[PDB]
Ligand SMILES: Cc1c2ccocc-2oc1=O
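Take a look at this single chain, the form solved without the named molecule, given in structure tokens.
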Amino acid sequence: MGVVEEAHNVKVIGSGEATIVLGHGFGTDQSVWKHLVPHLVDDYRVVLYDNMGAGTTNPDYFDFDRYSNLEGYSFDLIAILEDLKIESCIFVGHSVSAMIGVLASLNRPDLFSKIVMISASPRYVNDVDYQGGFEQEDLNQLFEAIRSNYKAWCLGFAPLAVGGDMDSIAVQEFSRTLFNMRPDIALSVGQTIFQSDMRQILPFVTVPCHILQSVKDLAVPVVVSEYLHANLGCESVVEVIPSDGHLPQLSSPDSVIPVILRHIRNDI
């Protein structure tokens, strides 16, 4: 394939035009979708890709200036869609990829028929009129642990993000992909994500959004899903899943995959 697609480990499964594009969150890669993809390929052409800076990507390609804001990732997404000649897709975005897809849709609404968000937030930091789940001091605390001992940080962070028991296979897999990131890139990307603020742009969104999350997610209070629904300019729906974890499609597929599929396959 072309350099852009190779650099993002792009996979295209199937032919035709009905197309779904799946974007992953911080610390993981396209493998996060391993329990969803089997249920899509009979009906849709499926496109997987990795975000620049994931451990599966070449660190020489990580441009710190380009990726200092989420727009860099949104332009990567649009580039891939253009290179593949995709004229319309359903975009499924996990965590930060939800907002990356939203930003892409503001520049190129024509490329997206709908967005399905899994574990999305427009803002992680609290203020006097907004609950995001983190005080700035909590985030200050986390930037420090990455610098001193990256391995320790990964082993402590993975259980909190994934939930469930700490020696579950899912926690181990995430700790592995998380540790595969170069520490300086993990820190830079972490800062960019946790300090982002997409709240102000939500009213400009026009592509319909399906807002899905676990009822227990350390990074996404349930009120965030309500905030998204109330402030997005587009038609939207919310479904909070009786699941635990920030990567619930990976760690609780039996309860989570059916929900995601219903929102992919059915329109508002």
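A residue's number is simply how far along the shown sequence it sits, counting from 1.
One more form of this protein exists, namely the form solved in complex with the named molecule; it is left out here, but the text below deals with it.
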query	finding
Pocket accessibility after superposing the named molecule in the bound PDB entry (3+ atoms within 2.4 Å of backbone/C-beta)	open
Heavy atom of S105 within 4.5 Å of the named molecule in the bound PDB entry	no
Heavy atom of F112 within 4.5 Å of the named molecule in the bound PDB entry	no
Heavy atom of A219 within 4.5 Å of the named molecule in the bound PDB entry	yes
Close approach of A152 to the named molecule in the bound PDB entry, 4.5 Å, heavy atom	no
Contact stretch among 139-147, 72-80, 165-173, 85-93 - heavy atom within 4.5 Å of the named molecule in the bound PDB entry	139-147
